[PDB]
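Chains here go by letter, A, B, C, D, E and F, matching the order in which they are written, and residues are numbered from 1 within each.
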Amino acid sequence: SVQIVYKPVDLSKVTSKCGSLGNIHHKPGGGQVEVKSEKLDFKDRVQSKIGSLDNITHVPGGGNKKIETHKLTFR
Amino acid sequence: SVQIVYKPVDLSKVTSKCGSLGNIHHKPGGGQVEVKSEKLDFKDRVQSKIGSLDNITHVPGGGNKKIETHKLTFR
Amino acid sequence: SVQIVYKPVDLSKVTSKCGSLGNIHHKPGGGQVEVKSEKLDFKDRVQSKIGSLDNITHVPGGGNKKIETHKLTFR
Amino acid sequence: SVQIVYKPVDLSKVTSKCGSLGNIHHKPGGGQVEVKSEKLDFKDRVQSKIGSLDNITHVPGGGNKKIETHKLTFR
Amino acid sequence: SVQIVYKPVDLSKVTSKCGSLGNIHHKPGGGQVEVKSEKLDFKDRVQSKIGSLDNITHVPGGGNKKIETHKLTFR
Amino acid sequence: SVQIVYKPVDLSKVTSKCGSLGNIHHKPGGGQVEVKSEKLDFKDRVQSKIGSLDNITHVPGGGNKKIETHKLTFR
């Protein structure tokens, strides 16, 4: 009754060729952060961040992604 | 009754060729952040960020994506 | 009645070729963070971060991802 | 009686090849400078400098010198 | 009677090849400078400098010298 | 009677190949400088310097010298 064949071929080349990658300078600190508080009420759960947080300097010499989903579903 | 054949071919080349990538300078700090508060009420859950947060300097020498979804569904 | 064949081929090459990657400088500290508090009430669970947290300098000479999901489902 | 012959040949190649030159920074006399004085006497020539003076940032992308003196003398 | 022959050949190659040159930083006289004075006497020439002076940041991408003196003399 | 022949050959190669040169930092006279004075007498020439002076940051990507003196003399 039925026959299925799933022959995807891939020969893809995601690629880069950088000569020279230099001299980044990220400076997310320095500033002053004053916070005062009086007579607060918190009747449910609370989160605070204060200061320099979660800062990033990401420098992949490469940095190349490739995603490739195959899916095949049958009833 | 039925026959299916799924022969996608791919020979794609996503590509780059940078000579020289330099001299970035990101400076999201420095500023002053004063915050005062009096007589607040919070009857549900609360989040605060204050200061320099979540700042990014991303510098892929490459930085090339390729997505390729195949899907195949049958009843 | 039924026959299935799942012959995905992959010859993909995600790739990079960086010459020289230098001279990053990330500086998320330095700043002053004053915090005062008086007469607070917290009727549920609370989280605080204060200062320099969770800061990152990530420098993969490579930094190349490849994801490849195959799935196959049958009723 | 005489011959003289002066056939210097030169095929020299002074050369450079910088990729990326930057984020240079120079901050002379950030500081505060008081000078106070009472009851001075001067019976001769006076020179004063005060503050930031005569400061230099020189950044030749090249900066390549070649000097080549020829001389030839007879009595 | 005489011959002289002066056939210097030069095929020298002074050379450089820097990838990336940067995040240089120079901060002369960050500090605070008081000078106080009472009841001075000077019977001759006076020179003063005070503060940040004569400071230098030199950054030749090249900076390659070649000197080559030829001389030839006769009596 | 005479011959002289002066056939110096040169094929020298002074050379460099730096990848990445950076995050150099120079902080002369961070400190605080008081000078106080009372009841001085000077019967001759005076020179003073005070503060940050004459400071240098030299960063040649190259910095390659070649000197080559030829001389040839006759009586």
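Here, a contact is a pair of C-beta atoms (placed from the backbone, for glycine too) under 8 Å apart; a residue touches a chain by one contact, two chains touch by 3 or more.
A.B. asks: Between the options B-C, D-F or A-D, which interface matches A-E on more than half of its contact pairs by residue number?
C.D. replies: When the residue numbers line up for over half the pairs, the pair is A-D.
A.B. asks: Could you let me know which interface, A-B or A-D, is made of more C-beta pairs in contact?
C.D. replies: A-B
A.B. asks: Suppose each chain is reduced to the average of its Cα coordinates; what separation in Å results between chain E and chain F?
C.D. replies: 5
A.B. asks: Using Cα averages as centroids, what's the distance between chain C and chain E in whole Å?
C.D. replies: The separation of the two C-alpha centroids amounts to 48 Å.
A.B. asks: Check each residue of chain E and list the ones that touch at least two other chains.
C.D. replies: Residue numbers touching two or more other chains: 1-75.
A.B. asks: Can you list the chain A residues touching chain C in their complex?
C.D. replies: 1-75
A.B. asks: Contact residues on chain F for chain D in the complex?
C.D. replies: Residue list for chain F touching chain D: 29, 51-52, 55, 60-62.
A.B. asks: Which residues of chain A touch chain D once you look at their complex with the stated criterion?
C.D. replies: 19-20, 22-23, 25
A.B. asks: Can you tell me which positions in chain C touch chain B when the two form their complex?
C.D. replies: So the residues of chain C in touch with chain B come to 16, 18, 21, 26, 28, 30-31, 33, 44, 63-64.
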